[PDB]
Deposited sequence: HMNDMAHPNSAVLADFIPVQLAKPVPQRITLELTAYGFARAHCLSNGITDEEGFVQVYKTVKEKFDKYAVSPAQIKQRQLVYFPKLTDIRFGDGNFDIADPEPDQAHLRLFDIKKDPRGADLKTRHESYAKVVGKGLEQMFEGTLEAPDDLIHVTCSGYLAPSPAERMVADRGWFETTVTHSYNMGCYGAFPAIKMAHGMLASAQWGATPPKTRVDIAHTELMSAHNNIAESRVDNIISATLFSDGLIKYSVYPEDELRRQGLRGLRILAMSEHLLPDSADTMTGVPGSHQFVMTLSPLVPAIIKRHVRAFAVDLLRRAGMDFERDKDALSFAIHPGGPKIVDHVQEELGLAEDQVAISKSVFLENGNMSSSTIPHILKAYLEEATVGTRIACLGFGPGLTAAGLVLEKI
């Protein structure tokens, strides 16, 4: 096919061994309780014990459970060494890796300030990027950097590109587009191949897209609000990259891929305050209203109907033969979308699995799901991809494995 772009070669990197969810819940409850006491000047022991009991009860009530997420990669969760009489014993790290310690449960419960967290994000994402691109043999024409969890100029992506001596590669930042960030990056990539075909640049044969989300860098243990307990137990870290080729180049290379058939994205009414993020003195501060599932449920089916129509497909006739890659924004989101679209389990199985084994890795989640489809599905399989994030924004893509 001429005028066709194709996703391929998804490469994730794990930077830290995932932590079993029940351990994350025990230590996070403990930290929240310590922080609450520091923030409120509670220094007596019985007082701690009372607060700690209340805190555990709230986690038991609201936290994402180990039945919902089995484990999470949390680069900035304490090392199992060293987690140590009714408390936990968190060893100071060796000055040699102080940059992994951003929380403080002893002195200042606000923990590291935003500059310090950004310096750490650059060092951690820098190493993650070198690993993701270690098997890259030739520079891309473009490299797109997706993140909503650390904003530096120049970025760790620009520094990697310069480190590889790739002085003919355009670097574009695709930033602050939250959980759905893969969708604008693939649209920009499809746009770069199409701009080249129009002649505004010389020809191009590959765009790489690198996501580096360190949501654990934004831990906030000083705020006990329910939505913060939920976020602290829901989100996880994820680093993954993939390429977008013009289909003739994909073929010349003998590669299998997911051909882009259509894209869509826009805002949903009466929703802007329901999912927010603002940089503060210490971290990117997030809010996440419990109204969000209902608003997603309200608009998903119409959005999917239109998305299929843009692909030359018809929802009524074609949706039974489709897979649906659905971003698992919260524990029930895939189920809500599944119910509203009338989907069978086998249509949404990979999305549920990625969530269960990894938690919500922000924009890196849909790429992990697409990675699984590309590695498991038969050629000919068509996939409708749906994601939702701040705006609220609905984003969609229709793909066909080739």
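### Missing segments of the deposited chain sequence, listed N- to C-terminal
Since the structure holds only modelled residues, the stretches it omits are 1 to 6, 91 to 92.
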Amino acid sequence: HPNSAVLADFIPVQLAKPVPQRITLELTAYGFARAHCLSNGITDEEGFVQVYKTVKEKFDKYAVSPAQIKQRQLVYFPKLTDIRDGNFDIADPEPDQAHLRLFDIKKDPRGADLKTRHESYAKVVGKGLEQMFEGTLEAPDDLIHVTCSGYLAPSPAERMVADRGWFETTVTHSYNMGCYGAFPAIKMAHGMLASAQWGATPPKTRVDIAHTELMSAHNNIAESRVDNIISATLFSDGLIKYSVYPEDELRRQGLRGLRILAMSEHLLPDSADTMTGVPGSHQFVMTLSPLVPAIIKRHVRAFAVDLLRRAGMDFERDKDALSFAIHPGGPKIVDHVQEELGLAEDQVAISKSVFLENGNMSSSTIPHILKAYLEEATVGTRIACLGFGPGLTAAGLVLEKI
From here on, numbers count along this sequence of modelled residues.
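### Message
Tell me which stretch has the larger mean Cα B-factor in this entry, 161 to 169 or 251 to 259.
### Response
Looking at the record's C-alpha B-factors, the answer is 251 to 259.
### Query
Between 216 to 224 and 127 to 135, which has the higher average C-alpha B-factor in the PDB entry?
Higher mean C-alpha B-factor: 216 to 224.
### Query
In this PDB entry, which of 317, 118, 266, 327 has the top CA B-factor?
Most elevated C-alpha B-factor of the set, per the entry: 317.
### Task
In terms of CA temperature factor as recorded, identify the highest of 303, 284, 151, 103.
Among 303, 284, 151, 103, the highest C-alpha B-factor in the entry belongs to 103.
### Query
For residue 66, does the deposited CA B-factor place it in the lowest, middle or highest third of the chain?
Its C-alpha B-factor, which the entry lists for residue 66, ranks in the middle third among residues of this chain.
### Task
Please rank the C-alpha B-factors of the chain's modelled residues and tell me whether residue 208 sits in the lowest, middle or highest third.
Ranked within chain, residue 208 CA B lands in the lowest tercile.
### Task
Compare the C-alpha B factor of residue 299 with those of the other modelled residues in its chain, then answer lowest, middle or highest third.
Tercile = middle for this residue's CA B-factor.
### Task
Pull the Cα B-factor of residue 370 out of the PDB entry and bin it into the chain's lowest, middle or highest third.
For residue 370, whose C-alpha B-factor we compare with every modelled residue in the chain, the answer is the lowest third.
### Task
Comparing against every modelled residue in the chain, figure out the third that the C-alpha B-factor of residue 54 lands in (lowest, middle or highest).
Highest third of the chain for residue 54's C-alpha B-factor.
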